[PDB]
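Q: Quick check, what structure comes out for this input:
(chains A, B, C, D, E, F, G, H and I, ligands or ions: 1)
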Amino acid sequence: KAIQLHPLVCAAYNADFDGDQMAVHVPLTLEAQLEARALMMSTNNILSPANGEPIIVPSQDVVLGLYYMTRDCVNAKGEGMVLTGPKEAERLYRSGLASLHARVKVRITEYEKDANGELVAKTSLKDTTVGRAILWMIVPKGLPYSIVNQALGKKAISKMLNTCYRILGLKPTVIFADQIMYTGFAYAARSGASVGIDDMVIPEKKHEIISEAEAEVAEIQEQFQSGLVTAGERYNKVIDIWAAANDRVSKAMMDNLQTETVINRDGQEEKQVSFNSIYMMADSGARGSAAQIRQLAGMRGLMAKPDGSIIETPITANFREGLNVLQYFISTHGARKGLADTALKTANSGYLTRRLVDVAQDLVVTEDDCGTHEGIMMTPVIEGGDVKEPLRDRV
Amino acid sequence: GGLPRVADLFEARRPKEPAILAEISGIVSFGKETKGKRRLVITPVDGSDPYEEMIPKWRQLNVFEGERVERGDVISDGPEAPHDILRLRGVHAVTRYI
Amino acid sequence: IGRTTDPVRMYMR
Amino acid sequence: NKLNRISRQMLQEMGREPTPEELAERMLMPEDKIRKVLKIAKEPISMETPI
Amino acid sequence: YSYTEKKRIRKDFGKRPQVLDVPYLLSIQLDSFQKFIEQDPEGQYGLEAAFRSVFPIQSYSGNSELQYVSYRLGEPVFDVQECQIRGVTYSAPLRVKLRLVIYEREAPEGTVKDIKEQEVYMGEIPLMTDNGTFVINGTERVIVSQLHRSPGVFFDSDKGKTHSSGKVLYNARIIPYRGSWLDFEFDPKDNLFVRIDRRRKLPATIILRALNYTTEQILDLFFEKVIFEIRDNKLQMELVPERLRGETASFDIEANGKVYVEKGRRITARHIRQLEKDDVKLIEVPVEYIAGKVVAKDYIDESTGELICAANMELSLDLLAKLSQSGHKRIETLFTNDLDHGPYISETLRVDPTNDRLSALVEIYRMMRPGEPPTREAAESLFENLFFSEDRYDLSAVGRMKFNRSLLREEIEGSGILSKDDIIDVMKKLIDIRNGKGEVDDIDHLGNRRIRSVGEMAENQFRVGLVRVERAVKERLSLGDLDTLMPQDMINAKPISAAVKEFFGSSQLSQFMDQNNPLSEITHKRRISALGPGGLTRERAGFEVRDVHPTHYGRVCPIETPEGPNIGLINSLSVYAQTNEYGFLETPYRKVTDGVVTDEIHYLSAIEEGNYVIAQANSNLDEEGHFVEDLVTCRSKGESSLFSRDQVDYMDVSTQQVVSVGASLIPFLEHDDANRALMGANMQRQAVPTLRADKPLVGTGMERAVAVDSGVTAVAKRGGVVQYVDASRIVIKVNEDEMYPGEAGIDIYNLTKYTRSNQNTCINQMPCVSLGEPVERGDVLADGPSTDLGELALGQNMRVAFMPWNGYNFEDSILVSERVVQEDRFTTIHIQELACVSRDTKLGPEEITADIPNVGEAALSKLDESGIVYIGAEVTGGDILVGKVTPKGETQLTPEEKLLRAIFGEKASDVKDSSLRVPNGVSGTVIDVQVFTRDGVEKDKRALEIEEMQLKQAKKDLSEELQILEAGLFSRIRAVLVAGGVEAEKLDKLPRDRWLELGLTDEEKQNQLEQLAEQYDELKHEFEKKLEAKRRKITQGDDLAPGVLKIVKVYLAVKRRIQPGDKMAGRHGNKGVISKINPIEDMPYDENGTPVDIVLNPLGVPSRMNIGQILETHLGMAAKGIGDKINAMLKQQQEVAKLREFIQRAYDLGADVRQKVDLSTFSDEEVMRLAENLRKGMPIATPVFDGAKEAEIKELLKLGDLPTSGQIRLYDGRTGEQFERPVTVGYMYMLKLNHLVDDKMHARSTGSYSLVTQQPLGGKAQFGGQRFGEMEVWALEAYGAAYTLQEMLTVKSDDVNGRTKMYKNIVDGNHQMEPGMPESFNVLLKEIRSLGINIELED
Amino acid sequence: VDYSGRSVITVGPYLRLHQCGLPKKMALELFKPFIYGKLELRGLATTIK
Amino acid sequence: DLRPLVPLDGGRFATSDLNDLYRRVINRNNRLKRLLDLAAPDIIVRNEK
DNA sequence: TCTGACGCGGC
DNA sequence: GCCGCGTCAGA
Ligand SMILES: [Mg+2]
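A: Numbers count the residues shown, from 1 in each chain, chains lettered A, B, ... in the order given. The protein structure is shown below:
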């Protein structure tokens, strides 16, 4: 009794499979069926009408699959072979002779359309990994192998879809999106990427960093206590040394996470990007960010008070440890403020877009060319430091 | 900023303390002394000069006591009511602004 | 008169 | 109205309530005229009462 | 260790020692209602209080008074289940003794007659059952407590947003319990304004003049006098030096001919000190420094007598001269320093247009009741009744308390009405706040928000009813002659009962009890709504009150609150919170004497807690209440910080004390973000009880208190031994020491078998004890729904694995093994009740027979001969449950149908079919059929059979009562009869009745025998009378709604299995909709080939920070590891001592652990019973913020020979090759929330349409279609899809003719549409034309 | 609007970008007139009734 | 038909407020006619209007 | 509520 | 001519 919805469209609907329901309507007349097939079919809405960017970007398990598939380990089973093609890479991997991240060398053939839309072939010994070569079998023709020779996070995937759409066209891109989803799910499963309590690695320095910050703040506290520094000065400097401490703990944990796997090369040890599953999730772009990783294994910073003011003592705990009662009770304020705000902003945004759609409902593209010479001078938008939007984007 | 800021830009609301603008080009002068408001008469060096405007005394005038100012120029400081942008600098001005 | 609209008031007055 | 008068007397004296048989005893109606009258007096509920 | 605890002990991590055990969780409801209906031999709040408030009622000086004596709650006619069955409120009649005294007229006060009325009945009040629920129309309701702004006076700022110039406009507001409001405010021009409740704004002094304060007196109230002398030269001035603080001098201020201050300088403290030393009193002052001042009093021209200058007048050189020459040596002025003493009252008096008392009354009158001419007396009477009438204004006890508290008065009990000094003190406090010497109050502070529970609210409604009865009573008392009339003709019961029943049935705060858990009920009853009468609204307020305040700590849960548009407005009460005498929330604290933490617990309100410095509950102490540290964390004045070991005053009584019951049931809460914990609490209270609840492996030790305090279990009332346990009853042979002297007896518990909830779930009790077991007081005897062994068990322990699995857990979605549905672990039972009503039409009554036209004997298969369905029938969609036909006439069928009836002789019957059939999609078993018939109507066979069943059952139940009761009694009879001589033969052989007249030795033997003789005769009469009355209850008719003949209710039981689409959730806000029932051989599986049961997506863990579910998963893996070890030891039937050693080791394995297992359990029997109860996994307990650290979890894992990393290696069931990077498997407690998918899936092609507009609508299992609201229309316009849109809003919805043409075309294989015009548009046209407006189509 | 249903959504990641899984019972209700037409067309039913 | 007085099951009648508004209009109009005929004191007729 | 707009009025 | 105020619409 459940409506089964393709995953790639979820972001469009802004859908969750956490209880959300959808409504189905059945177009009756022939005109309605043809409109649905030609205008409102899913395979036509791949670019968004807000900005020309794709709206069918793969979201979370599929980007984690592609990511993990397409990363490289510094010395893995079957390293340094010479593979006769992508099919041999897949055969190797499935038969268990080479790891998925084995820096290997394979002969690939990429077609590039140089003539009046004529794909000419270029074969070469690319230096790649097994996973990348396997993924190559999914890519349509007119695309360059450079598009899969990276570590292929979320953004890279979306731009690969966009380039396929700009080079080839609609149908190949739709088939491409389906293949990407399938293969990303497949290798996300094969990976068995999980999350355990050991993955949130606390930096060994967090204790020292915080102790030094506390010494510093007690120093400023007594300096005010004698009166050398005003109360406003005292509170401010307290805030500032705490912020520096929080930033230091962030840097420490991110350094311990983002490369931790020092592993041995065919000789002596060496270091590489990590495979900490929480780091992989955050780094691919599947889920999380430096913000949330930070709250998991760093310290969850300073909290604001209902009046928007910031409290002196920050939450020096993280969710991997326990928040004591006061720290938790403090965080609850920010959390409830966030929730109330989302509710009320739902209402307000609805009212706004209603006013917008009514002021502008009747605007239709009626004529083909007014043949006028007015215009505006679109220029890249700089403010102080540097460009916020380049020209290319604005024209 | 946020949703209220967009609602205000699109509702074209006057921003409670509008940075007043110079309607016409020409030299400026100060006139009546504080009935509650100083008179500034932008005095076109060429055309119909006599335009004057009574302005409260709280606005610090970028422009000098006697100064050759141009139309649609900032005089007081603050936000710019889009109505004035439109009226004085044209259409493209207000749309760039919005 | 207090500019009242209540007809009860008007009648009683 | 006569029924309501009589039902008030009955309710506050017997304590609990009158049943239509008990009313028809206090009145002299044929014990079915009572039921007709009891069916009448329900008043039309607005088609706008907030559900 | 109690016996029920020996059954299965929960390993309790958590180290802090509990010092105050959780109170009775429903004490709020029960105590409030107790206050309401309870003989109170004084005026304390209660029914008695309302009576004493309104009575005695004395005539309009008619020398006839109606006075009140006492009341008495009669016995309820029906029992609770009886009401739930017959659908009547469970109430009790309210009998009240009144007296009507007719005094002796024509002489001084003297009573001639007084009729003392035999307890005028004056309504029923709905009693509260033993769990704080009312049965109002057969449905259990709950009255939510309300959190409302306390009466009293409050000073607010209204900051910033006035006159675009800052200038905070301080205002004050007197809020009474009952009566009009009274606000004072400041305007930008510093003009003190008053406004009665919400009307126009008036200058404050109006009300001051209203209280008969002349302008002289006003200034004398709000100002200090400044004296001026003319001592033979030039306007001297008396001066006190501190009056001079912060000023600019206007003259040489020199006394004693020696200059101290210099004209034109800022005064220094040494200046004032000079003055204090010189004792400077009178200083000569120039006449211009007296220019700007203002005269205080009124000065007349005593040389002639006439006036000179009005009081509150600013002096001028002319006026100075005049007052001099007329002989005024002394001249008073107002001290108005614009730094401290703003001249606010003066400026107001200037704006004040009136002058006299009467004009002031007139102005108030013209503002209050505009339009009518102001009579003097009417103005007076309005103003007196406005704020000082007992009848129309009551501050409160609490109102008066908070008032005096706010004005820094000492007394607490005062008067209910305002007084002159009160208003004046309010104005003074407001003026002070404007001067800066005072602070405004925050409305959110829980020291200003009070709690009105059921007792108080019902008392208020009852007071309302009483006042309208008083209206009618005085009206009758004045009219006729009064000897003949008695004090029960005056007084009607319709109005009182109207008020009360209205409050209880149709009120925002009387809500259907949320009944799908024990937790759901017990959290509904501890709800604290801010809405309801006299509260906020979900759209009025308001970003501010919603936020948690530092005052909520310990009083209101900060995380348990709905997520929608009333976030922050529902606020589940906290665990240990209580209600002050006045209704302010207060929480317990351990009193800290000098350094030692004592154990006396003081309950502190909010404002009290504001002073002291309270230490956290997680502060280490050492066997002597000594803070082991030097400086300890505390909360002091709304802020937290470190404090000297010898500074604190109180300590938190426990670590659970800041959360609610819902949140205190989430293990590892302190590892979940607050958002996800909010969602987790809210969904946890939604789990639907499964087929056989088990327990949580990882609980928080609070399950027991919740499962017991909610009345869903049968709890022993006296200890004893289970004499007879049965699937439907439990009979306890009480112990001796608990028995009363007489009436030895036993204790019977009748369990509630399969029955309807309010959410259509099966509440149903199972006995957890076995025969001959010993039970103690307060022990659990029958596990209710969703409890197991007395522990709340909402969900099931699923073997979960965190990994992505081919996208089937893409978003929050879930992937469930088939073994979970095979074992029916989430199969729930849902009981519907379908009612067929046989009303009397005008065309004739309706019949319930099985004579139903053209439905084959396949359709009438399961109907009994009388037309009802057989009990036990497995039915499905459409089947006739109750065959019912209704009379019908006036066919007037079309010619072709007439030709049909001709060619086929089909007699067109006159009775239309209207039988009751099962709704589609639901396919269950009929488990009960009830039949009510309006008395007079002849019963049909089936009703008589159900009646016979009931009558047999009742006879047998009363028989079992008296039989097994005298079975215990006869056991005791022969026990006392071995005394008085152990007569074996002649005493036993005699019939057990041959003791009523026999004579024994004069001790307690013969005593008890004659006791049982009274017992015998009176219980014989009891059985006869009672069986008679119950038989009467059964055989009598039922008071059906007027017009109906008989009602038939059928109960369907459905066993809903889990399926793709149902929503499931752990306890930490990890929601999810299951998406594939996977075959077993596909699920991942470890080296022992055990497959996992649920495959959750790991990606949900980083973003949502609920990292608590991972910890729960590891700890569950550990617990089930212990359980598996003990199960293995139990399958080898190793021995008792092996099990004992291992289990003991498991129950230790921690530091500072508070589990305190006795270690002295019955060497073999109790230990083996334990191990049997632990082979499914050893239940752990994790108090909320005193959790179990990781290292302890790792140790538990090592004890079970499991990877301390918590992650094992898996294989893909589809290919059997190993997933790399070991995954996290474990055991999570998963609930199944009641958003079942087969209650969501609707769909319609065509159905019924609305009445005025012709658009779709339904409730009849063919609901309306989906709403195609604005936003969808814009979506279709954004595509170019014009034809889709047109057919969507023309033919699919509204075009009454086009839609049927479209249907006929559809069935004809031709897909085309004729648009026409939507009927809603014609309706809009007609409603415009029905104004005076001519709107029309043109061409 | 008629001809319309509602239900809970799940993933079903085996679909192609242009497909949605529709429950059988829902579809059998949404399209009922199409089905009436088709049945009468293939003679499997004499009449719409 | 747009301000309907539909009957519900069991004597309950559902009505639209427009019926009550119309009814008080008609009652006061008829009473005004009757007063105008009776030649009422002008205060009464004014109050009626 | 509250925010804004705005007749409408007082200065 | 310019500011304060009441009134209504809208979430
Ligand atoms: Mg959702």
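Q: Report the distance from stretch E:607-616 to the chain centre.
A: Offset of stretch E:607-616 from its chain centre (CA atoms, centre = their mean, to the nearest Å): 28 Å.
Q: Contacts for that stretch, please.
A: A:324-326, E:447, E:551, E:586-587, E:589, E:592, E:604, E:627, E:632-638, E:643, E:647-652 (CB atoms under 8 Å, 6 or more residues apart in numbering or on different chains). Every residue, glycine included, has its C-beta placed from N, CA and C.
Q: Could you tell me the end-to-end distance of that stretch?
A: Stretch E:607-616 has an end-to-end distance of 18 Å (criterion: CA to CA, to the nearest Å).
Q: and the contacts of stretch E:607-616, which are buried?
A: A:324-326, E:447, E:551, E:586-587, E:589, E:592, E:604, E:627, E:632-636, E:643, E:647-652 (16 or more other CB atoms under 10 Å in any protein chain shown).
Q: Inside helices: which ones of these?
A: A:325, A:326 (DSSP state H).
Q: Could you list which residues are in contact with residue 10?
A: Just going to use chain A. By CB under 8 Å, 6+ apart, residue A:10 lies in contact with A:16, A:17, A:59, E:810, E:811.
Q: should've been chain F
A: By CB under 8 Å, 6+ apart, the residues touching residue F:10 are A:2, A:3, A:4, A:5, A:17, E:813, E:1060, E:1061, E:1073, E:1074, E:1075, F:21.
Q: Repeat the analysis, applying 7 Å as the threshold.
A: Residue F:10 makes contact with A:2, A:4, A:17, E:813, E:1060, E:1061, E:1073, E:1075 under the criterion CB atoms under 7 Å, 6 or more residues apart in numbering or on different chains.
Q: Quick check: the gap between it and residue E:314.
A: Residue F:10 is 83 Å from residue E:314, where distance means CB to CB, to the nearest Å.
Q: Same question for residue B:41.
A: In terms of CB to CB, residue B:41 sits 41 Å off from residue E:314.
Q: just residue E:1047 next, same as before
A: Taken as CB to CB, the span from residue E:1047 to residue E:314 is 84 Å.
Q: from the contacts of stretch E:607-616, which ones fall inside strands?
A: Among these, DSSP state E puts E:586-587, E:589, E:592, E:604, E:632-635, E:643, E:650-652 in strands.
Q: would CSV of those residues with distance to residue B:53 be doable?
A: Below are the ones in strands among the contacts of stretch E:607-616 laid out as CSV (distance: CB to CB, whole Å):
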residue, distance to residue B:53
E:586, 64
E:587, 64
E:589, 67
E:592, 71
E:604, 64
E:632, 67
E:633, 62
E:634, 62
E:635, 58
E:643, 63
E:650, 67
E:651, 69
E:652, 66
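Q: Closest one of the residues you listed to the ion?
A: Within the ones in strands among the contacts of stretch E:607-616, the smallest distance to the ion is 35.8 Å, found for residue E:587 (CB to the ion).
Q: Please tell me how far the closest residue to the closest one other than its chain neighbours sits from residue E:672.
A: With CB to CB, 6 or more residues apart in numbering or on different chains as the criterion, residue E:587 has its nearest non-adjacent residue at 3.5 Å, and that residue is residue E:554. The gap separating residue E:554 from residue E:672 is 20 Å, by CB to CB.
Q: Between the contacts of residue F:10, which sits nearest DNA strand I?
A: Using CB to the nearest atom of the strand, residue A:17 comes nearest to DNA strand I of the contacts of residue F:10, at 29.0 Å.
Q: Am I right that that closest one falls within a strand?
A: No: using DSSP: H, G, I helix; E, B strand; the rest coil, the assignment for residue A:17 is coil, not a strand.
Q: Around chain G, pick out the residues from chain D.
A: For chain D, the residues in contact with chain G (CB under 7 Å from any CB of the partner chain) are D:39, D:42, D:44, D:45, D:46, D:47, D:48.
Q: show me what contacts the third one?
A: It stands for residue D:44. By CB under 7 Å, 6+ apart, residue D:44 lies in contact with G:5, G:13, G:14, G:15.
Q: Those in strands, which ones?
A: Reading strands off the contacts of residue D:44 with DSSP E, I get G:14, G:15.
Q: My read is that residue E:175 contacts residue E:156, right?
A: No: using CB atoms under 7 Å, residue E:175 makes no contact with residue E:156, being 11.4 Å away.
Q: more neighbours, the two?
A: Counted by other CB atoms under 10 Å in any protein chain shown, residue E:175 and residue E:156 do not tie: residue E:175 has more neighbours, with 22 against 18.
Q: At which residues are the helices of the stretch 301-450 of chain E located?
A: E:317-325, E:344-351, E:357-368, E:376-387, E:397-406, E:420-435 (DSSP state H, counting those that start in this stretch).
Q: An error on my part: the question was meant for chain B.
A: Remark: helices assigned in chain B by DSSP H are B:3-11, B:82-89, B:91-97.
Q: and chain D, which of the ones you listed is closest to it?
A: Smallest distance to chain D across these (CB to the nearest CB): 30.2 Å, for helix B:3-11.
Q: What helices and strands are in contact with the closest one?
A: With contacts taken as 3 or more CB pairs under 7 Å, 6 or more residues apart in numbering or on different chains; DSSP states H and E, helix B:3-11 sits against helix A:325-359.
Q: how close does the closest residue in space to residue A:41 that isn't next to it in sequence sit to chain B?
A: Leaving aside its sequence neighbours, residue A:41 sits nearest to residue F:18 (CB to CB, 6+ apart; 6.1 Å). Distance, residue F:18 to chain B, by CB to the nearest CB, to the nearest Å: 36 Å.
Q: got it, and residue E:668?
A: Separation of residue E:668 from chain B (CB to the nearest CB): 35 Å.
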